[PDB]
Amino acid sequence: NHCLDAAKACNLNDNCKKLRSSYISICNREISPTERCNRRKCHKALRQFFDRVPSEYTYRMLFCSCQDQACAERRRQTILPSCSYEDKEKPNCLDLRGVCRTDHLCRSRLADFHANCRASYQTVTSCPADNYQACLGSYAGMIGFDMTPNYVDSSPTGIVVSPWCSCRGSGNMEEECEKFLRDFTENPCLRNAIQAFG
């Protein structure tokens, strides 16, 4: 499958292989029965991987086409989500957005994502200027911050991505929260950009 092919290209490149193994070994290391990993360290290693390995390797792993579950599960596992994505606490998306916005880089990366993956009702791709690449890059640029998005399950073609948060407990800001969340979950520009990558 394309996701296996992507892992191969990475492992056969010295720099990709090193930076891949580094995030894998940190993110996969259990601390105690109650703590799945050192999350902060895992996120840092993820950031380094996406910052210091070219997109030709990196996007191919993250956005590889799948026809079956085996491939889609591999794709879902790219960021090692049981460490980097999931948590026993599922925060409110607007609270999580607040946490992201205290970090200079997360704030800027989220803003890039909102701008570059903005759904247009006027363009053939639903992306601004039909620029798929800038949307994909902005998606990838959020991994390892406190707005880390991921594939929600191992659906092969029915792709749904989201941060680990919900809009329950929003009080009177429920509409605001769900609109924010839909930039990830229900965005035709992002959908089309990922699908067009192959």
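Numbering starts at 1 and runs along the sequence shown.
Stretches 121 to 129 and 78 to 86 differ in mean CA B factor, with 121 to 129 having the higher one. For the two regions 130 to 138 and 46 to 54, the entry's Cα B-factors average higher over 130 to 138.
You'll see in the entry that, of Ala9, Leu19, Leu190, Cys177, the Cα B factor peaks at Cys177. Across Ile26, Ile143, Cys64, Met173, the entry's maximum B-factor at the CA atom is seen for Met173. Residue-level temperature factors show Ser154 in the middle third of its chain, judged at the C-alpha atom.
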